[PDB]
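Here the structure is laid out as structure tokens; the discussion comes afterwards.
Each reported figure results from applying straightforward, stated rules to the coordinates on display, with no laboratory input. Backbone-built Cβ (ideal geometry, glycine too); neighbour counts: all protein chains shown.
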Amino acid sequence: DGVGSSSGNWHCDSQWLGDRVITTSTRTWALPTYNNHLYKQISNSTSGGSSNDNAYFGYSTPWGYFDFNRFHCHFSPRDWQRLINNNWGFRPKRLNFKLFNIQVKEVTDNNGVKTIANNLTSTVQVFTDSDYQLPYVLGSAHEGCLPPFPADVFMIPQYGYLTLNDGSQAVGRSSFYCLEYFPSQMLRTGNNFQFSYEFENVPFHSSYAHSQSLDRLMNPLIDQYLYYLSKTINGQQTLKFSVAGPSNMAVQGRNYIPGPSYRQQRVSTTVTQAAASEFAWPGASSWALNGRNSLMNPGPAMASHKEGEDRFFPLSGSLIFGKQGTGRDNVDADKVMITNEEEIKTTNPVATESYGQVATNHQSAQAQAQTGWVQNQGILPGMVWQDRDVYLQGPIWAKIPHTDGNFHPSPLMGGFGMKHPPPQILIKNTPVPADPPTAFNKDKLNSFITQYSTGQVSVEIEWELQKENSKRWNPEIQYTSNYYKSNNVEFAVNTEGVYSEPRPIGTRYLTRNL
Amino acid sequence: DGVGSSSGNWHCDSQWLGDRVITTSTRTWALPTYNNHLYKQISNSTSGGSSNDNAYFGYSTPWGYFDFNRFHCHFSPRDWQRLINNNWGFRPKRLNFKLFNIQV
Amino acid sequence: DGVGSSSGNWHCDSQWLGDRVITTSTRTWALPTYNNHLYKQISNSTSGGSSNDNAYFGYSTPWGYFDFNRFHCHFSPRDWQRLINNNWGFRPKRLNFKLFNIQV
Amino acid sequence: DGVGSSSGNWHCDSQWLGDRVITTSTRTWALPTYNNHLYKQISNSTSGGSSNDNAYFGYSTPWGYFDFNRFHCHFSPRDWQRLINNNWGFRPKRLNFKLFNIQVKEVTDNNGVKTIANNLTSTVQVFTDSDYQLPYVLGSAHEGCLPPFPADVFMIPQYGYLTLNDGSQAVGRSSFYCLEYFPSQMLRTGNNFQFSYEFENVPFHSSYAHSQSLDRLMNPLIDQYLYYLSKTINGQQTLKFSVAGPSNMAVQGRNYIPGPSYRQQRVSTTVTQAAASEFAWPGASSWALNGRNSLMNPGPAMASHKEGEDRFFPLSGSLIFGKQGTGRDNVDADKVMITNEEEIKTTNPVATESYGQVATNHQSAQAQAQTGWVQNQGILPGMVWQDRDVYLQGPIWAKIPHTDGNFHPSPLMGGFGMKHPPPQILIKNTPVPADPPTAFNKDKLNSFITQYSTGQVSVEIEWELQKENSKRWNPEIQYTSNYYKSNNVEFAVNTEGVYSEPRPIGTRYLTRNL
């Protein structure tokens, strides 16, 4: 429109209908100039790294991008509490995104002092990768998302991507992408940008915990009409059979079995434990691709620990969040928040235990029957399992890789897997050259006016709800704040205005039968 | 239009139809003041040259000009590869040119 | 039709449309008499083999069969090169089969 | 149709309308099996040749082809005489082609004796290269065309083609063509084949000889209003000028000049001439392509000899036809018929003479004026020329090479140049395998029944005529037979039934002004 007219209003609210909840969040963003308007080839050689498992090749772009792939970007703690305490499931339906109130500033430095002024004629470029023609980086748990607290002003992360690499070198199959080779809208201070997106059909997330275990689905009062091998010896091959009943539930015939497993090493959170060695990488569970070892993290959805063993967690089978103010490198256990998936112990195997035992020979009068531990078990017919729970500060969705085949493409870090997820939204400040020389020079200009941009961003997502119809008589487990006095209110600001999330919040508090 | 409204968008893409390919390219340009707004007579004497095969007379203008008479101004390397590997011939048909987002 | 009239023509060509390619191939075949018009029980004993991993039982028929389950039966090397250099994917859609010019 | 019904009639006649003549010719052909149904790579190594100018790479196909690219295939000598004596020009308009009365035979040899019988169920395959996707070999003066005498039965020539070569080896750019990769009609004894072709617009062939010379177009009674430099010296630079008039026609100003030239070495047909050396290749005029020397033959259309010098002919600037029964290698001059282009001496330069003289220096008081002979002269503005004449036994058309540029694409051997000439008509006997083994073998069959095919071929061509409207008073030169007694009639059969063409017949007997 014009310089003196706002191009949008501040929309931040949650609307709770019967089977739907609509979340709207608005944030103020700041966008600097990245790479000084240049594309730069990057690799482990340019970052000084030399281990082959950490080798890479790719490019850093002068473009930024908008990321809102975390639940706390849309749900307040109270809204999250309502969702998890009142619904058996939820899933995103549609998306509305807006950019408005664009403000481009120029920075001039004379001597140790910088002056900031408006550049009303400068432009900012925005486009969406609706055709998914660029590498998708929103499927990784990267920082730079919209802040959970609406009052926080955030910096737009720089967009970068990786391609095929051989050590620090590239190959002929490696691809280079120029983001200026895409049509993009150019916005001055009076312009705004908006688009709508429809989520593809995805299953409802399981925001419930099973009230029954897979091995306890039988009637505890009635025998089965099936027999099991009880005895074998007299005290001669004396085969004896008995009815499987309530007194021996472990040997009863069952129609379904627990889901797959990929065993994790076990770590205790108890201080004054002596470790026998440094094992964080040597003892790690891991998968190899083209000679590169990657850590299995978080791996298949498995129960974090057995009943009563909350002190143990899988070495890399659980999401680890950092508390507010936590450092980047080598922080203590009390500075991080270790999530656990104990709710899925009713259907999924324990992460730090073998799946089971399998016969490994033919027993005879000369050879005793032998069994072997199954540390990793693939998918078998009749298996049932629960996917990893999602969290308030955890990811929402991920892009299913474009491959010939996949099985249960639920993101392993939690969330909804989609072939066509919300498109990447890329933003960049248009370069503004400084005064050029009065004589023609064919070289590309390298002198630009120092600029940055700021504005507001709004994203609205409609969520579909799956209401609970339980006939359970006794009250359910519910997420609740603790009344006991404390120096600060949980999920609030401190005396210095710092917002903090004191604990990870799952979704599985209500119960339903298996 | 106005100071605070963009006068055009960034269009840079290639569209491949059956018998036609449409190339669009957008660039950012900078234009200084040439000759301090003056027209100047130029010659090999003003550039100090004295061989007769290199002798000339003419004028330098304060005007600039836009030139896109090179194939890489319109075709990306991948588009060029497609064109050369899949076609026995090609020729230009029509042109569209735009100047926008003027900043003085 | 008749003895002196051909029952079909030689069709062997590839037609490249926008999103579709139609491949046609014609070959000359010869069919002898198999097993002297008999069905015969066959096994690893009749072929003299005695390893259990290679043991088998079955039948050999006096019938022949037409097989075109290889890509080079339909795509020339140039057509294959075009397909692989210009397309992200392909799949068969429909089939037409003909036998003609029978000569016994 | 059926075995016992003819699929076509014998059509061989010429119909003379006002401005059009329609020629129809029917011939009986025989088609054997070529290369034993195989494609074979051929090169100068496979033929034992080692000179680099003669090096080649290509393929021989089992297909034959029909060729009617000679005028005597359509015009009888009397029709040719009428055409050349009554018309100033002619050009082909449209084409009709027919194959019918197909007869396929099988040959069986027991012991030194062969038995031939009909194979009523066998097929012959015919198709036309209407899209010009195969190498065009009809543009060369090859043998194998339809015989001039309708009663002669001819053998179908085998189709072969050449591609890019480096010595006897091929390169990556070389192309291999499979003629079975084309849709073709399969014909039994009851079937027939036919198609129609329309000639693209071509200029009328010049079937006239100019009655004026390019240097004698002025009025012989009136002076020009232009002056020429007559004198220079006194006997001091004394420049003298004179009017160019009838007394000095050589110095008169002229608007047009003779056409281009590429000088030929001169050879005398007179016996008992002593040659100074072997010069047939060392003295030859020639052009080089990629390091290979090719003879300039017949080269640009130039006058064969000056007036009264019929004994001389250019070394390779004239078409040479062989008399009936003439051998293939090293025959005497009396066994060949040397064509001449003396009719174009009025506009074209003499083949064995320089185009002219050009100044080569600046004359002065110290240096005498110098001139140099122009042995080769390219196209200049104002040039006019006549193309090479066509002959009864000479070629009719040729395919203009598909190139970015060309100038006056009239075939240098004579005829009409076309981007889309009459398409190649390719024919092959369908292989008929012998008895295969009773056990499956994956190798391609190499045992086939010995077969050949025979039938009739008809081609009808409509020619457009350009009538003469001359006001010449005295009678014209006309082609005529000689009444004087001879043992045989010219253009007739001998006592052994051998048809012969005793002389080449041009088309340029009538006259018109320049």
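General observations
- Net charge in the neighbourhood of D:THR108 (other residues with Cβ under 14 Å of its Cβ; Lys, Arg +1, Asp, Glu -1) is -1.
- Average other protein chain Cβ within 10 Å of Cβ, residues D:183-192: 5
- Sorted peptide list for D:28-35, A:377-384, criterion being average Cβ within 10 angstrom, highest first: D:28-35, A:377-384
- Gyration tensor (alpha-carbon) shape descriptor, the protein assembly as shown, a/c threshold 1.5: oblate
- Taking Cα centre as origin and charging only the Cβ of basic (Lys, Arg, +1) and acidic (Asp, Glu, -1) residues, the dipole magnitude of the stretch D:275-350 rounds to 260 debye.
- About its Cα centre, the protein assembly as shown has a charge dipole of approximately 480 debye under the convention of +1 per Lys or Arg Cβ and -1 per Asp or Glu Cβ, with nothing else charged.
- Cα gyration tensor shape for chain B, rounded if a/c is under 1.5, else prolate or oblate: oblate
- Debye equation applied to the C-alpha atoms of the stretch D:6-153, log10 I(q)/I(0) at 0.09, 0.16, 0.21 Å⁻¹: -0.46, -1.14, -1.46
- At most 11 other Cβ within 10 Å, DSSP loop - trypsin sites (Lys or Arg not before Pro), the stretch D:444-514: D:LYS444, D:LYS471, D:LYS485
- Ranking D:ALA288, D:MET186, A:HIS142 by Cα position along the charge dipole of the protein assembly as shown, where only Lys, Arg, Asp and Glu carry charges on their C-beta atoms, puts D:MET186 farthest toward the positive end.
- Proximal charge balance of D:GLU341 [Cβ under 14 Å; K/R count +1, D/E count -1]: -4
- From helices alone, chain D scores -500 deg cm²/dmol at 222 nm; the rule is -39500 (n - 2.57) for each run of n ≥ 4 DSSP H residues, then divide by the residue total.
- Distance distribution note for the stretch A:87-216: the fraction of Cα pairs above 19 angstrom is 74%.
- Ranked by how many other beta carbons lie within 10 Å on average, peptides D:100-108, B:11-19 from highest: D:100-108, B:11-19
- Its Cα centre serving as origin, chain A has a Cβ charge dipole (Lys and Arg +1, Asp and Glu -1) of approximately 700 debye.
- Per-selection Kirkwood Rh - chain A (Cα, Å, 1 d.p.): 27.0 Å
- Partner chain coverage, peptide C:24-34 - average Cβ within 10 angstrom: 4
- Listed residue (D:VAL489, B:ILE22, A:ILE320) projecting farthest to the positive dipole end of the protein assembly as shown, Cβ model: B:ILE22
- Value at 222 nm in deg cm²/dmol, rounded to 500, when DSSP H runs of n ≥ 4 in chain C each add -39,500 (n - 2.57): -3000 deg cm²/dmol
- Cβ-based net charge around D:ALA244, under 13 Å, with every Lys or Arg adding one and every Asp or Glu removing one: -1
- In chain A, a dipole from Cβ-located charges (positive for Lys and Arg, negative for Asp and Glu) runs towards its positive end, and of A:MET155, A:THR480, A:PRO502 it is A:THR480 whose Cα lies farthest in that direction.
- Cα shape, the stretch D:155-229, gyration tensor, a/c 1.5 rule: oblate
- Neighbour-limited loop hits for chymotrypsin sites (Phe, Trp or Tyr not before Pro), the stretch D:434-514 (at most 12 other Cβ within 10 Å; DSSP other than H, G, I, E, B): D:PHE440, D:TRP473, D:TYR483, D:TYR484
- Of the trypsin sites (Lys or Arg not before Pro) found in the stretch A:266-354, the ones in coil according to DSSP and having at most 16 other Cβ atoms within 10 Å of their Cβ are A:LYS306, A:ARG311, A:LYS323, A:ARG328.
- Inter-chain Cβ neighbour count for B:8-15, averaged per residue, equals 5 (cutoff 10 Å, partner chain atoms only).
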